[PDB]
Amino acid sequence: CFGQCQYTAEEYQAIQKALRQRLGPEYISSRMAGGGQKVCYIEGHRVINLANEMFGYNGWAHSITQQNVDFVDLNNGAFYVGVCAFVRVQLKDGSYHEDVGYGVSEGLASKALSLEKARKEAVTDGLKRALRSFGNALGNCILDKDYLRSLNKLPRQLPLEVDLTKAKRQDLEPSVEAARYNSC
């Protein structure tokens, strides 16, 4: 079961080599920091797909060990909220890494939307930072200053396009259901 599943030699060796790879510019987003340098980052859903592909859908796991609301301050009808979350990522063999993420919302008049923004971003932030610890392929490169301006010296690539033809159109999945019947 999960946490007691020891890696085979072949699967171990493949995953080790795979994690060294750095991410191409298709993976990286940007936004200029307020008053300062354009911070590069990876979007949450890309990290999840990376992990799901790196380890398998049943190969990694994550939980929220703790989340905490540091402050909600009201100044002239506007809200300022910071939230941290502690996120622990685990693999099928028991391996694990845990890190902190943070979340911010300032200036909205809805207290709710402030807290919703902060509480949510704190978690994925923690999830991304936790996953980085497994190697380059899950975001560990994003902070290598040498790697970064290498990306800036690459031609600005126009976004991809997804082909929604063979997209999932019904709930039913006969291929899995067949395989699952052979499980019980």
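Don't overthink the numbering: it's just position in the shown sequence, from 1.
Between 35-43 and 136-144, which has the larger average Cα B-factor in the PDB entry?
Of 136-144 and 35-43, the stretch with the higher C-alpha B-factor average is 35-43.
Which has the higher mean CA temperature factor in the PDB entry, 158-166 or 12-20?
Result: 158-166.
Using the temperature factors in the entry, find which of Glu116, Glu53, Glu26, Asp70 has the highest value at its Cα atom.
The record points to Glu26.
Whose C-alpha has the highest temperature factor in the PDB entry: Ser150, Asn49, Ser63, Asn58?
Largest recorded C-alpha B-factor: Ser150.
According to the PDB entry, is the CA B factor of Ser105 in the bottom, middle or top third of its chain, that is, lowest, middle or highest?
Middle third, going by the recorded CA B-factors of the chain.
Grab the CA temperature factor for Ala78 from the record and place it in the lowest, middle or highest third of its chain.
According to the entry, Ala78 has a C-alpha B-factor in the chain's highest third.
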